[PDB]
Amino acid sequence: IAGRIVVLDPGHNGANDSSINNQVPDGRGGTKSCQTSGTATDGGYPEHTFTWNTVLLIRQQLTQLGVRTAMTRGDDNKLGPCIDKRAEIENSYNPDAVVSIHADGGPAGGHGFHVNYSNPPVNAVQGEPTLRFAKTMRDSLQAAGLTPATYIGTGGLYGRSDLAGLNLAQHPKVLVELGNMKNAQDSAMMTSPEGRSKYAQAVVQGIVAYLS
């Protein structure tokens, strides 16, 4: 585990302007908006702040394990990089694994996590190396006591073709939606410092399980 390289992507920007509406190539024949604002709990806790703070905790734990780390943004209050640029930044580190951290907006009674991965793969690394990462991450999150999403995906897994950040990956990568910000139980855990710590520990267990 020590000496491996992991890049962490806290989804969305600390702040936005109309540049986020400019269209960028999506890695699968189309274009998508440079960025989207992301969601928030009904208490006003923004997705971008949740992902930022959870990624900081993931990074700290990985560094303590001797894992070399990088992030795709440096703050939670200014414009951050577009989704295609984030994939470029990730790829530039030749990482052994990449984890993007998001939280979702779904029906209020729906809760739990889902691990998004590229399907169908557009290159070889997005095949077995990435599917194994996705299944391993799902297994580790559920073993940590997290609930697979009750409202989307299949048993905590979601293969999809619409996400530029997944389509553009040259290294094993997953995008973990940790929960539904619009749900009472997930919002409480996302808004809790110790909830964010538990999310981060579980993601780290998935990274460790995959790299081993």
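Start at 1 with the first residue shown and count on from there.
S.K.: Would 95-103 or 127-135 have the larger average of its C-alpha temperature factors, as given in the entry?
M.R.: Per the deposited B-factors, the answer is 127-135.
S.K.: Higher mean Cα B-factor in the deposited model: 21-29 or 5-13?
M.R.: Of 5-13 and 21-29, the stretch with the higher C-alpha B-factor average is 21-29.
S.K.: Compare the CA B factors listed in the entry for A143, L178, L166, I58 and report the winner.
M.R.: Of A143, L178, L166, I58, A143 has the highest C-alpha B-factor.
S.K.: Classify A149 as lowest, middle or highest third according to the C-alpha B-factor given in the PDB entry, relative to its own chain.
M.R.: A149: CA B-factor falls in the middle third of its chain.
S.K.: What third of its chain's C-alpha B-factors does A108 belong to: lowest, middle or highest?
M.R.: Ranked within chain, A108 CA B lands in the middle tercile.
S.K.: Going by the entry, which third of its chain does the Cα temperature factor of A87 land in?
M.R.: Its C-alpha B-factor, which the entry lists for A87, ranks in the middle third among residues of this chain.
S.K.: Rank-wise, by C-alpha B-factor, drop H171 into the lowest, middle or highest third of its chain.
M.R.: Middle third.
S.K.: Can you tell me which third, lowest, middle or highest, the CA B-factor of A40 falls into for its chain?
M.R.: Lowest third, going by the recorded CA B-factors of the chain.
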